[PDB]
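Asker: Dropping in model11.cif, with mmCIF, C-alpha atoms.
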data_run
#
loop_
_atom_site.group_PDB
_atom_site.id
_atom_site.type_symbol
_atom_site.label_atom_id
_atom_site.label_comp_id
_atom_site.auth_asym_id
_atom_site.auth_seq_id
_atom_site.Cartn_x
_atom_site.Cartn_y
_atom_site.Cartn_z
ATOM 1 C CA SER S 1 138.065 -100.907 58.483
ATOM 2 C CA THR S 2 139.763 -97.501 58.521
ATOM 3 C CA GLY S 3 139.040 -93.972 57.349
ATOM 4 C CA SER S 4 141.268 -91.018 56.550
ATOM 5 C CA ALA S 5 140.094 -87.488 55.804
ATOM 6 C CA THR S 6 141.843 -84.167 55.365
ATOM 7 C CA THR S 7 140.844 -81.356 57.717
ATOM 8 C CA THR S 8 141.290 -77.760 56.547
ATOM 9 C CA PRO S 9 141.395 -74.477 58.500
ATOM 10 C CA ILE S 10 138.370 -72.301 57.794
ATOM 11 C CA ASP S 11 140.377 -69.057 57.743
ATOM 12 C CA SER S 12 143.876 -67.624 58.008
ATOM 13 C CA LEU S 13 143.825 -67.792 61.839
ATOM 14 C CA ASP S 14 142.942 -71.488 62.189
ATOM 15 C CA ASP S 15 139.756 -70.473 64.015
ATOM 16 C CA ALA S 16 138.346 -73.944 63.300
ATOM 17 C CA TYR S 17 138.864 -76.854 60.919
ATOM 18 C CA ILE S 18 136.378 -78.443 58.508
ATOM 19 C CA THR S 19 136.400 -82.033 57.275
ATOM 20 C CA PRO S 20 134.221 -83.293 54.394
ATOM 21 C CA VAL S 21 131.587 -85.842 55.394
ATOM 22 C CA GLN S 22 129.319 -87.836 53.078
ATOM 23 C CA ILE S 23 125.730 -88.153 54.307
ATOM 24 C CA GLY S 24 122.924 -90.081 52.655
ATOM 25 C CA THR S 25 122.332 -91.833 49.358
ATOM 26 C CA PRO S 26 123.333 -90.433 46.917
ATOM 27 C CA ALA S 27 126.009 -88.790 49.019
ATOM 28 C CA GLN S 28 125.536 -85.225 50.180
ATOM 29 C CA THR S 29 128.929 -83.832 51.159
ATOM 30 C CA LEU S 30 128.947 -81.354 54.042
ATOM 31 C CA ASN S 31 131.982 -79.760 55.674
ATOM 32 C CA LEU S 32 131.739 -80.459 59.388
ATOM 33 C CA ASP S 33 133.663 -79.237 62.421
ATOM 34 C CA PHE S 34 134.986 -82.379 64.134
ATOM 35 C CA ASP S 35 134.603 -81.644 67.838
ATOM 36 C CA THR S 36 136.158 -83.879 70.498
ATOM 37 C CA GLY S 37 134.428 -81.670 73.084
ATOM 38 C CA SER S 38 130.849 -82.604 72.155
ATOM 39 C CA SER S 39 128.889 -85.631 71.092
ATOM 40 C CA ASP S 40 126.217 -84.573 68.568
ATOM 41 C CA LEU S 41 126.511 -84.878 64.796
ATOM 42 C CA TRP S 42 124.282 -82.043 63.594
ATOM 43 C CA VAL S 43 123.888 -80.335 60.232
ATOM 44 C CA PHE S 44 122.362 -77.368 58.530
ATOM 45 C CA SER S 45 119.461 -78.843 56.610
ATOM 46 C CA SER S 46 116.399 -78.262 54.473
ATOM 47 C CA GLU S 47 114.602 -77.851 57.826
ATOM 48 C CA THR S 48 116.768 -74.989 59.119
ATOM 49 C CA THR S 49 114.920 -71.681 59.429
ATOM 50 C CA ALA S 50 115.688 -69.985 56.115
ATOM 51 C CA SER S 51 116.793 -66.675 57.651
ATOM 52 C CA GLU S 52 119.398 -68.595 59.698
ATOM 53 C CA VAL S 53 121.115 -70.105 56.631
ATOM 54 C CA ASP S 54 123.724 -67.857 54.963
ATOM 55 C CA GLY S 55 125.878 -69.824 52.534
ATOM 56 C CA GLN S 56 126.156 -73.196 54.267
ATOM 57 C CA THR S 57 125.596 -76.426 52.397
ATOM 58 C CA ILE S 58 122.476 -78.157 53.686
ATOM 59 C CA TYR S 59 121.485 -81.786 54.142
ATOM 60 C CA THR S 60 118.130 -82.574 52.542
ATOM 61 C CA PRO S 61 116.894 -85.874 54.024
ATOM 62 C CA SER S 62 114.032 -86.140 51.519
ATOM 63 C CA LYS S 63 116.645 -86.549 48.757
ATOM 64 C CA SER S 64 118.364 -89.448 50.564
ATOM 65 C CA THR S 65 116.933 -92.906 49.939
ATOM 66 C CA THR S 66 118.554 -94.179 53.163
ATOM 67 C CA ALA S 67 117.307 -91.406 55.461
ATOM 68 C CA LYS S 68 114.683 -92.327 58.051
ATOM 69 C CA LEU S 69 113.064 -90.002 60.571
ATOM 70 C CA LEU S 70 113.921 -91.079 64.106
ATOM 71 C CA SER S 71 110.377 -90.696 65.302
ATOM 72 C CA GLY S 72 109.900 -88.422 68.294
ATOM 73 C CA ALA S 73 113.575 -87.596 68.722
ATOM 74 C CA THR S 74 114.696 -84.014 69.284
ATOM 75 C CA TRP S 75 117.995 -82.421 70.207
ATOM 76 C CA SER S 76 119.176 -79.135 71.649
ATOM 77 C CA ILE S 77 122.738 -78.137 72.464
ATOM 78 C CA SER S 78 124.532 -75.127 73.916
ATOM 79 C CA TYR S 79 128.279 -74.721 73.578
ATOM 80 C CA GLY S 80 130.835 -73.102 75.838
ATOM 81 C CA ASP S 81 130.987 -70.047 73.567
ATOM 82 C CA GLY S 82 127.267 -69.377 74.065
ATOM 83 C CA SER S 83 126.227 -70.668 70.644
ATOM 84 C CA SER S 84 123.414 -73.183 70.261
ATOM 85 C CA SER S 85 121.322 -75.231 67.854
ATOM 86 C CA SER S 86 118.370 -77.601 67.966
ATOM 87 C CA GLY S 87 116.085 -79.701 65.799
ATOM 88 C CA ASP S 88 114.935 -83.232 64.967
ATOM 89 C CA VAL S 89 116.775 -86.413 64.008
ATOM 90 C CA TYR S 90 117.195 -88.776 61.085
ATOM 91 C CA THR S 91 119.275 -91.889 60.790
ATOM 92 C CA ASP S 92 121.289 -92.176 57.593
ATOM 93 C CA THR S 93 124.515 -93.508 56.151
ATOM 94 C CA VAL S 94 127.520 -91.371 57.058
ATOM 95 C CA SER S 95 131.023 -91.812 55.650
ATOM 96 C CA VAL S 96 134.257 -90.093 56.658
ATOM 97 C CA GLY S 97 137.344 -90.619 54.536
ATOM 98 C CA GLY S 98 136.127 -93.982 53.248
ATOM 99 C CA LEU S 99 134.797 -95.284 56.595
ATOM 100 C CA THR S 100 131.034 -95.868 56.511
ATOM 101 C CA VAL S 101 128.523 -96.083 59.370
ATOM 102 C CA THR S 102 124.952 -97.088 58.623
ATOM 103 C CA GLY S 103 122.172 -95.919 60.901
ATOM 104 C CA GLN S 104 124.093 -92.916 62.223
ATOM 105 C CA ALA S 105 121.961 -90.341 64.003
ATOM 106 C CA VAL S 106 122.119 -87.182 61.864
ATOM 107 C CA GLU S 107 120.663 -84.313 63.872
ATOM 108 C CA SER S 108 118.886 -81.894 61.540
ATOM 109 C CA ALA S 109 118.927 -78.282 62.708
ATOM 110 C CA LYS S 110 115.657 -76.413 62.806
ATOM 111 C CA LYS S 111 117.306 -73.470 64.599
ATOM 112 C CA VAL S 112 120.899 -72.289 64.902
ATOM 113 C CA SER S 113 122.281 -69.302 66.770
ATOM 114 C CA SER S 114 123.784 -66.284 65.066
ATOM 115 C CA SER S 115 127.409 -67.392 65.260
ATOM 116 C CA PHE S 116 126.607 -70.514 63.212
ATOM 117 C CA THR S 117 124.624 -68.528 60.648
ATOM 118 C CA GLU S 118 127.474 -66.032 60.361
ATOM 119 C CA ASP S 119 130.058 -68.735 59.598
ATOM 120 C CA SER S 120 129.310 -69.851 56.056
ATOM 121 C CA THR S 121 132.207 -72.335 56.055
ATOM 122 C CA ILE S 122 130.858 -74.721 58.742
ATOM 123 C CA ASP S 123 127.909 -76.900 57.679
ATOM 124 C CA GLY S 124 127.565 -78.568 61.095
ATOM 125 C CA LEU S 125 129.479 -80.404 63.799
ATOM 126 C CA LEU S 126 130.592 -84.011 64.195
ATOM 127 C CA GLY S 127 130.984 -84.774 67.881
ATOM 128 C CA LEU S 128 133.757 -87.089 69.053
ATOM 129 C CA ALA S 129 133.471 -86.869 72.839
ATOM 130 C CA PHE S 130 131.768 -89.697 74.700
ATOM 131 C CA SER S 131 128.208 -90.598 73.765
ATOM 132 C CA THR S 132 126.999 -89.927 77.320
ATOM 133 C CA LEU S 133 127.021 -86.205 76.329
ATOM 134 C CA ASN S 134 124.754 -86.698 73.308
ATOM 135 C CA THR S 135 121.685 -84.467 73.618
ATOM 136 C CA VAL S 136 119.105 -86.502 71.660
ATOM 137 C CA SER S 137 115.914 -87.063 73.648
ATOM 138 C CA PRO S 138 114.242 -89.292 74.642
ATOM 139 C CA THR S 139 116.695 -91.904 73.313
ATOM 140 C CA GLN S 140 120.313 -90.785 73.489
ATOM 141 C CA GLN S 141 122.292 -91.540 70.335
ATOM 142 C CA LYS S 142 125.857 -92.704 69.719
ATOM 143 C CA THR S 143 128.642 -90.713 68.097
ATOM 144 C CA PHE S 144 130.080 -91.647 64.708
ATOM 145 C CA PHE S 145 133.179 -93.030 66.435
ATOM 146 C CA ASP S 146 131.144 -95.090 68.908
ATOM 147 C CA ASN S 147 129.149 -96.593 66.051
ATOM 148 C CA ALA S 148 132.249 -97.289 63.962
ATOM 149 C CA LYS S 149 134.470 -98.583 66.752
ATOM 150 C CA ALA S 150 133.687 -102.294 66.547
ATOM 151 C CA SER S 151 134.429 -102.338 62.794
ATOM 152 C CA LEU S 152 137.704 -100.422 63.065
ATOM 153 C CA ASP S 153 141.027 -102.214 62.824
ATOM 154 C CA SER S 154 141.915 -100.561 66.151
ATOM 155 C CA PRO S 155 139.400 -98.619 68.314
ATOM 156 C CA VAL S 156 141.135 -95.259 67.899
ATOM 157 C CA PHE S 157 141.019 -92.031 65.997
ATOM 158 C CA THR S 158 143.799 -89.499 65.609
ATOM 159 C CA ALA S 159 143.853 -85.731 65.174
ATOM 160 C CA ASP S 160 146.737 -84.151 63.254
ATOM 161 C CA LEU S 161 145.773 -80.499 62.926
ATOM 162 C CA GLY S 162 147.911 -78.199 60.818
ATOM 163 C CA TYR S 163 149.253 -74.754 61.628
ATOM 164 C CA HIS S 164 147.976 -72.542 58.817
ATOM 165 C CA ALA S 165 147.791 -75.718 56.729
ATOM 166 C CA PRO S 166 145.610 -78.799 56.203
ATOM 167 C CA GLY S 167 145.884 -81.827 58.447
ATOM 168 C CA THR S 168 144.273 -85.218 58.921
ATOM 169 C CA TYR S 169 141.732 -87.155 60.951
ATOM 170 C CA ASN S 170 142.330 -90.908 60.812
ATOM 171 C CA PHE S 171 140.016 -93.593 62.150
ATOM 172 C CA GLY S 172 141.068 -97.096 63.071
ATOM 173 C CA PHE S 173 144.847 -96.837 62.668
ATOM 174 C CA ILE S 174 147.880 -94.860 63.824
ATOM 175 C CA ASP S 175 149.949 -93.474 60.930
ATOM 176 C CA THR S 176 153.470 -94.010 62.243
ATOM 177 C CA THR S 177 154.846 -91.658 59.548
ATOM 178 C CA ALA S 178 152.848 -88.687 60.881
ATOM 179 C CA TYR S 179 154.820 -87.986 64.061
ATOM 180 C CA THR S 180 158.359 -87.935 65.386
ATOM 181 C CA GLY S 181 159.683 -89.828 68.374
ATOM 182 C CA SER S 182 157.255 -91.902 70.404
ATOM 183 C CA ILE S 183 153.645 -91.414 71.474
ATOM 184 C CA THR S 184 153.221 -90.839 75.202
ATOM 185 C CA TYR S 185 149.924 -92.126 76.532
ATOM 186 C CA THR S 186 148.159 -90.661 79.538
ATOM 187 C CA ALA S 187 145.086 -91.590 81.548
ATOM 188 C CA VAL S 188 141.610 -90.290 80.691
ATOM 189 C CA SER S 189 138.607 -89.717 82.926
ATOM 190 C CA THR S 190 135.268 -90.082 81.146
ATOM 191 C CA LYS S 191 133.282 -88.944 84.211
ATOM 192 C CA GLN S 192 132.304 -85.630 82.560
ATOM 193 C CA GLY S 193 131.947 -87.148 79.082
ATOM 194 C CA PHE S 194 135.131 -85.497 77.792
ATOM 195 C CA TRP S 195 138.607 -86.643 76.804
ATOM 196 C CA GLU S 196 139.748 -85.350 80.185
ATOM 197 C CA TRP S 197 143.380 -85.833 81.228
ATOM 198 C CA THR S 198 146.019 -84.311 83.521
ATOM 199 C CA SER S 199 149.011 -82.470 82.097
ATOM 200 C CA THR S 200 152.140 -82.699 84.220
ATOM 201 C CA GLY S 201 153.086 -79.018 83.940
ATOM 202 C CA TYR S 202 154.356 -76.268 81.702
ATOM 203 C CA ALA S 203 157.194 -74.021 80.653
ATOM 204 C CA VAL S 204 157.216 -70.539 79.102
ATOM 205 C CA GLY S 205 159.756 -70.017 76.343
ATOM 206 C CA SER S 206 163.201 -71.226 77.354
ATOM 207 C CA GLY S 207 162.196 -71.117 81.021
ATOM 208 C CA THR S 208 162.354 -73.974 83.473
ATOM 209 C CA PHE S 209 159.556 -76.516 83.507
ATOM 210 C CA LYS S 210 157.062 -76.167 86.351
ATOM 211 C CA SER S 211 155.792 -79.528 87.557
ATOM 212 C CA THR S 212 152.118 -79.088 88.408
ATOM 213 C CA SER S 213 149.007 -81.100 87.595
ATOM 214 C CA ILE S 214 146.637 -79.398 85.143
ATOM 215 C CA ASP S 215 143.373 -81.266 84.561
ATOM 216 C CA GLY S 216 141.766 -80.376 81.251
ATOM 217 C CA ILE S 217 140.083 -81.642 78.101
ATOM 218 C CA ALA S 218 141.445 -82.367 74.631
ATOM 219 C CA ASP S 219 138.948 -80.339 72.584
ATOM 220 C CA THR S 220 139.363 -79.992 68.814
ATOM 221 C CA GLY S 221 136.213 -77.841 68.766
ATOM 222 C CA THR S 222 137.767 -75.039 70.830
ATOM 223 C CA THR S 223 140.166 -72.666 69.069
ATOM 224 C CA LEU S 224 142.381 -71.546 71.930
ATOM 225 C CA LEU S 225 144.243 -72.905 74.956
ATOM 226 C CA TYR S 226 142.451 -72.126 78.226
ATOM 227 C CA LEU S 227 144.525 -72.665 81.378
ATOM 228 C CA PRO S 228 144.508 -71.533 85.019
ATOM 229 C CA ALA S 229 144.987 -67.809 85.605
ATOM 230 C CA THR S 230 148.341 -68.369 87.329
ATOM 231 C CA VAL S 231 149.752 -70.166 84.276
ATOM 232 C CA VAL S 232 148.367 -67.672 81.775
ATOM 233 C CA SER S 233 149.705 -64.711 83.789
ATOM 234 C CA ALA S 234 153.154 -66.329 83.856
ATOM 235 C CA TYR S 235 153.040 -66.704 80.063
ATOM 236 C CA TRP S 236 151.906 -63.166 79.187
ATOM 237 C CA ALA S 237 154.319 -61.611 81.703
ATOM 238 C CA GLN S 238 157.051 -62.604 79.231
ATOM 239 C CA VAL S 239 155.514 -60.444 76.453
ATOM 240 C CA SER S 240 156.237 -56.713 76.709
ATOM 241 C CA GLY S 241 153.017 -54.744 76.675
ATOM 242 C CA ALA S 242 150.679 -57.711 77.043
ATOM 243 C CA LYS S 243 147.686 -57.177 79.286
ATOM 244 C CA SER S 244 144.318 -58.648 80.137
ATOM 245 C CA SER S 245 141.572 -56.499 78.629
ATOM 246 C CA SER S 246 138.080 -56.805 80.081
ATOM 247 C CA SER S 247 136.702 -54.840 77.131
ATOM 248 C CA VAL S 248 138.249 -57.178 74.567
ATOM 249 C CA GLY S 249 137.643 -60.323 76.629
ATOM 250 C CA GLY S 250 141.112 -61.653 77.348
ATOM 251 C CA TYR S 251 144.819 -61.143 76.984
ATOM 252 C CA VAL S 252 145.973 -58.905 74.137
ATOM 253 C CA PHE S 253 149.518 -58.047 73.132
ATOM 254 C CA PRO S 254 151.278 -55.678 70.752
ATOM 255 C CA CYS S 255 151.105 -57.068 67.231
ATOM 256 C CA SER S 256 154.795 -56.093 66.904
ATOM 257 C CA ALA S 257 155.787 -58.671 69.548
ATOM 258 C CA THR S 258 157.552 -61.967 68.990
ATOM 259 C CA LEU S 259 155.797 -64.463 71.219
ATOM 260 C CA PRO S 260 157.584 -67.090 73.317
ATOM 261 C CA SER S 261 156.748 -70.733 72.957
ATOM 262 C CA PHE S 262 154.650 -72.616 75.512
ATOM 263 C CA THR S 263 155.447 -76.173 76.574
ATOM 264 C CA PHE S 264 152.977 -78.543 78.227
ATOM 265 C CA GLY S 265 153.765 -81.857 79.889
ATOM 266 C CA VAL S 266 152.351 -85.240 78.935
ATOM 267 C CA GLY S 267 153.744 -87.579 81.537
ATOM 268 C CA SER S 268 157.502 -87.229 81.250
ATOM 269 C CA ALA S 269 157.189 -85.969 77.648
ATOM 270 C CA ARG S 270 156.878 -82.365 76.485
ATOM 271 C CA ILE S 271 154.884 -80.785 73.654
ATOM 272 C CA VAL S 272 156.172 -77.394 72.485
ATOM 273 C CA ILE S 273 153.687 -74.872 71.073
ATOM 274 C CA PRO S 274 155.695 -72.391 68.945
ATOM 275 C CA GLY S 275 155.087 -68.753 69.764
ATOM 276 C CA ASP S 276 153.583 -68.051 66.338
ATOM 277 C CA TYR S 277 150.747 -70.500 67.109
ATOM 278 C CA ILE S 278 149.670 -68.190 69.967
ATOM 279 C CA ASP S 279 149.126 -65.147 67.702
ATOM 280 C CA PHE S 280 145.452 -64.694 66.745
ATOM 281 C CA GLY S 281 145.926 -61.404 64.986
ATOM 282 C CA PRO S 282 144.451 -57.940 65.346
ATOM 283 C CA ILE S 283 141.471 -57.647 67.677
ATOM 284 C CA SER S 284 139.736 -55.678 64.915
ATOM 285 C CA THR S 285 140.777 -55.002 61.356
ATOM 286 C CA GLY S 286 143.803 -52.723 61.243
ATOM 287 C CA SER S 287 144.423 -52.690 64.994
ATOM 288 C CA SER S 288 147.930 -53.015 66.381
ATOM 289 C CA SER S 289 146.537 -54.897 69.386
ATOM 290 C CA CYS S 290 146.573 -58.648 68.791
ATOM 291 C CA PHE S 291 144.550 -61.363 70.507
ATOM 292 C CA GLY S 292 146.369 -64.044 72.487
ATOM 293 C CA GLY S 293 145.987 -67.748 71.892
ATOM 294 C CA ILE S 294 146.450 -68.659 75.546
ATOM 295 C CA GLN S 295 143.643 -67.414 77.782
ATOM 296 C CA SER S 296 142.417 -67.908 81.327
ATOM 297 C CA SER S 297 139.969 -70.715 82.069
ATOM 298 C CA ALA S 298 138.928 -69.034 85.323
ATOM 299 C CA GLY S 299 135.435 -68.262 83.994
ATOM 300 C CA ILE S 300 134.892 -71.623 82.262
ATOM 301 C CA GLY S 301 135.127 -74.166 85.069
ATOM 302 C CA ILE S 302 137.483 -76.422 83.104
ATOM 303 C CA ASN S 303 140.849 -76.135 81.390
ATOM 304 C CA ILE S 304 140.686 -76.666 77.628
ATOM 305 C CA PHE S 305 143.511 -77.962 75.449
ATOM 306 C CA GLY S 306 142.028 -76.551 72.266
ATOM 307 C CA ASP S 307 143.434 -76.300 68.764
ATOM 308 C CA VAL S 308 146.354 -74.040 69.774
ATOM 309 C CA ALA S 309 147.724 -76.906 71.850
ATOM 310 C CA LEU S 310 146.503 -79.885 69.847
ATOM 311 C CA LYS S 311 147.883 -78.677 66.508
ATOM 312 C CA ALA S 312 151.388 -78.806 68.021
ATOM 313 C CA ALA S 313 150.994 -82.569 68.409
ATOM 314 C CA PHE S 314 149.871 -85.785 66.834
ATOM 315 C CA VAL S 315 147.021 -86.804 69.146
ATOM 316 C CA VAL S 316 145.645 -90.324 69.633
ATOM 317 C CA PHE S 317 142.112 -90.666 70.982
ATOM 318 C CA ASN S 318 142.208 -94.276 72.198
ATOM 319 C CA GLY S 319 138.687 -95.638 72.613
ATOM 320 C CA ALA S 320 139.700 -98.976 74.076
ATOM 321 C CA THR S 321 137.686 -100.361 76.990
ATOM 322 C CA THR S 322 139.734 -98.057 79.219
ATOM 323 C CA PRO S 323 140.233 -94.945 77.076
ATOM 324 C CA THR S 324 143.528 -93.078 77.012
ATOM 325 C CA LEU S 325 145.047 -90.156 75.133
ATOM 326 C CA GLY S 326 148.375 -90.201 73.318
ATOM 327 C CA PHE S 327 150.537 -87.236 72.319
ATOM 328 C CA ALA S 328 153.575 -87.172 70.048
ATOM 329 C CA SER S 329 155.619 -84.351 68.627
ATOM 330 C CA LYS S 330 155.545 -83.962 64.868
#
Would you write out, as C-alpha cells, the structure that this file holds?

Answerer:
Amino acid sequence: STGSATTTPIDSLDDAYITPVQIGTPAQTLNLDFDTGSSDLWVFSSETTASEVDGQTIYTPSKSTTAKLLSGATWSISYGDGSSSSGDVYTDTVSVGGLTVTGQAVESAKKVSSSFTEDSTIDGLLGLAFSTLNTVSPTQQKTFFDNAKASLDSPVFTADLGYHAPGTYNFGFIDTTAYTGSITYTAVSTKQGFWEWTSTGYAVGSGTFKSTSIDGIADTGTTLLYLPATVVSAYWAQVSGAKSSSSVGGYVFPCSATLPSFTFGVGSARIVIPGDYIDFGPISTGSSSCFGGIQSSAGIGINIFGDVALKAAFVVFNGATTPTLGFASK
C-alpha cells in the first residue's frame, strides 16, 4: 500500500503545516500537524474542555462506529515550546491520503494548553518520531507509520514541505519526480526516539563550507532551524543590524535586509536554504524588526532541523530495520 496527502502552511509565514486525516466511520476529517519530533496522534475532541476549543474541528468518538475506548489508557505530553495536552485514548480507523490503519491509537484531548486553543487551524498532531516516545500509559502505543509500515510497499515516508506553498507527505514510496539530483542518505540514531542525524557542516551565503559535525533532529513539528550558538552567530554576523534580543527571544534583523542563504551538509552533499526562507517577518504587527529563522539551540539541549531547513529539501524518513534519513535538493 501507499498514501499521499497534501500538506498546507497554516499562515503566510509557514509557521506550521496541516494535513487532512480521516478518523473513524463515517470519516471525520481533521487537519493535523504531522510532527516527526513526537510520537502521539492526538486530537481536539468532544471531550476537550469547552473553553479550550476555539474554532478547531473536533473528533467525536461516539459518532464513529469503529471507535473503541482503550480502557484505562491516558496520555500527557509537553512540547519543546512549553505547550502541552492530555486526555484518554480510543482506537479507531485512521487514513492518510488513501492509506488506512485499523486500530490506531487516537489520543483524545481532555485538556490543551493556550497555544493550541489559540491556533484554530490545527486540530491535533500526528507524531512520526519513533514509538518509544509515545506517552500513552500504561500501555505505550504505536505511531501511524509504525502501524502502517508492514503494509507499505517500502517502509518509508517522505516530507516535501513547500515554501509559502503546499507540499506533500507520501507513505510507502519515493516519488522520483519530486526532487532533483540524487538522494543522499545518512545514518540515524534512535537512542533518543528522534530522527537524529549528524550534518557534516555549513556555509553562510557564498562563503566557504565549514566542515564540522552537527548532531540534530529532523523535526517537521518545529518551525525554525536551531543550531549551535557559534554557527548562528556566524550567520547573523553577515546581516547588517542583526542582533540577539533577550526581550524578543532570539535573533532579529532589519526587515529591510536581504538575507544570505544558509547551506547545511548531508554527507558530501549540500542543501541550500534560500535567504528568504529565513525571514519570519515583523516581531509585532507593523514593526521594522523582523524575526530570524535560524536561532540558537543553546537553551534547548539539542539542535533542531525544523521546517526552515526541511522545506529546502525532499526528505526521506527510511524506517527500515536500520533507519536512515535521505535528503535531496528539489

Asker: Quick one: apply the PyMOL selection byres ((chain S and resi 327) around 12) to the file and drop the selected residues here as a CSV table (one decimal) with C-alpha atoms, in the frame of the given file.

Answerer:
chain,number,residue,atom,x,y,z
S,158,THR,CA,143.8,-89.5,65.6
S,159,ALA,CA,143.9,-85.7,65.2
S,160,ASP,CA,146.7,-84.2,63.3
S,174,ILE,CA,147.9,-94.9,63.8
S,178,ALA,CA,152.8,-88.7,60.9
S,179,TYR,CA,154.8,-88.0,64.1
S,180,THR,CA,158.4,-87.9,65.4
S,181,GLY,CA,159.7,-89.8,68.4
S,182,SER,CA,157.3,-91.9,70.4
S,183,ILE,CA,153.6,-91.4,71.5
S,184,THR,CA,153.2,-90.8,75.2
S,185,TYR,CA,149.9,-92.1,76.5
S,186,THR,CA,148.2,-90.7,79.5
S,187,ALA,CA,145.1,-91.6,81.5
S,197,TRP,CA,143.4,-85.8,81.2
S,199,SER,CA,149.0,-82.5,82.1
S,218,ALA,CA,141.4,-82.4,74.6
S,264,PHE,CA,153.0,-78.5,78.2
S,265,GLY,CA,153.8,-81.9,79.9
S,266,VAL,CA,152.4,-85.2,78.9
S,267,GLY,CA,153.7,-87.6,81.5
S,268,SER,CA,157.5,-87.2,81.2
S,269,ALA,CA,157.2,-86.0,77.6
S,270,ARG,CA,156.9,-82.4,76.5
S,271,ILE,CA,154.9,-80.8,73.7
S,272,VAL,CA,156.2,-77.4,72.5
S,309,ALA,CA,147.7,-76.9,71.8
S,310,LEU,CA,146.5,-79.9,69.8
S,311,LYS,CA,147.9,-78.7,66.5
S,312,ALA,CA,151.4,-78.8,68.0
S,313,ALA,CA,151.0,-82.6,68.4
S,314,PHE,CA,149.9,-85.8,66.8
S,315,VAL,CA,147.0,-86.8,69.1
S,316,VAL,CA,145.6,-90.3,69.6
S,317,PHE,CA,142.1,-90.7,71.0
S,318,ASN,CA,142.2,-94.3,72.2
S,324,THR,CA,143.5,-93.1,77.0
S,325,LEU,CA,145.0,-90.2,75.1
S,326,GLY,CA,148.4,-90.2,73.3
S,328,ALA,CA,153.6,-87.2,70.0
S,329,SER,CA,155.6,-84.4,68.6
S,330,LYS,CA,155.5,-84.0,64.9

Asker: Translate the PyMOL selection byres ((chain S and resi 49-61) around 12) into a concrete residue list for this structure, as number ranges by chain.

Answerer: S: 20-32, 42-48, 62-70, 85-94, 106-124

Asker: Which residue gives the smallest distance to residue 288 in chain S among S:176, S:256, S:168, S:131, with all atoms listed in the file counted?

Answerer: S:256

Asker: Using the chain letters and numbers from this file, what does the PyMOL selection byres ((chain S and resi 275) around 12) select? Give the answer as a list in words.

Answerer: residues 163, 204, 205, 206, 235, 236, 238, 239, 257, 258, 259, 260, 261, 262, 263, 272, 273, 274, 276, 277, 278, 279, 280, 292, 293, 294, 308, 309 and 312 of chain S

Asker: My list of candidates is S:244, S:284, S:220, S:295. Which is closest to residue 36 in chain S when distances are computed with all atoms listed in the file?

Answerer: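 Closest candidate: S:220.
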
Asker: Between CA of residue 3 in chain S and CA of residue 95 in chain S, what distance in Å does the model show, to one decimal?

Answerer: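 Separating CA of residue 3 in chain S from CA of residue 95 in chain S is a distance of 8.5 Å.
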
Asker: Neighbouring residues of range 143-147 of chain S were defined as those with any atom within 10 Å, considering all atoms listed in the file; residues of the same chain fewer than 4 positions away were excluded. Please report them as an NGL selection string.

Answerer: :S and (38-41 or 94-96 or 100-106 or 126-134 or 151-152 or 155-157 or 171-172 or 319)

Asker: What residues have an atom no more than 7 Å from (152.6, -76.9, 84.5) in the file's own frame, counting all atoms listed in the file, and can you write them as a VMD selection string?

Answerer: chain S and resid 200 to 203 210 to 214 264 to 265

Asker: Report, in Å with one decimal, the straight-line distance from CA of residue 242 in chain S to CA of residue 230 in chain S.

Answerer: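 Between these atoms lies a distance of 15.0 Å.
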
Asker: For each of S:154, S:281, S:300, S:6, take the minimum atom-to-atom distance to residue 82 in chain S, counting only C-alpha atoms, then give the residue where this is smallest.

Answerer: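 Among the listed residues, the smallest separation from residue 82 in chain S belongs to S:300.
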
Asker: In Å, how far is it from CA of residue 78 in chain S to CA of residue 141 in chain S?

Answerer: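 Calculated distance between CA of residue 78 in chain S and CA of residue 141 in chain S is 16.9 Å.
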
Asker: Measuring between all atoms listed in the file, which one of S:306, S:286, S:207, S:34 shows the shortest distance to residue 8 in chain S?

Answerer: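 The answer is S:34, which sits nearest to residue 8 in chain S.
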
Asker: Enclose range 83-86 of chain S, meaning all of its atoms listed in the file, in a box aligned along x, y and z, pad it by 3 Å on each side, and list the centre and edge lengths in Å to one decimal, as lines of an AutoDock Vina configuration file.

Answerer:
center_x = 122.3
center_y = -74.1
center_z = 69.2
size_x = 13.9
size_y = 12.9
size_z = 8.8
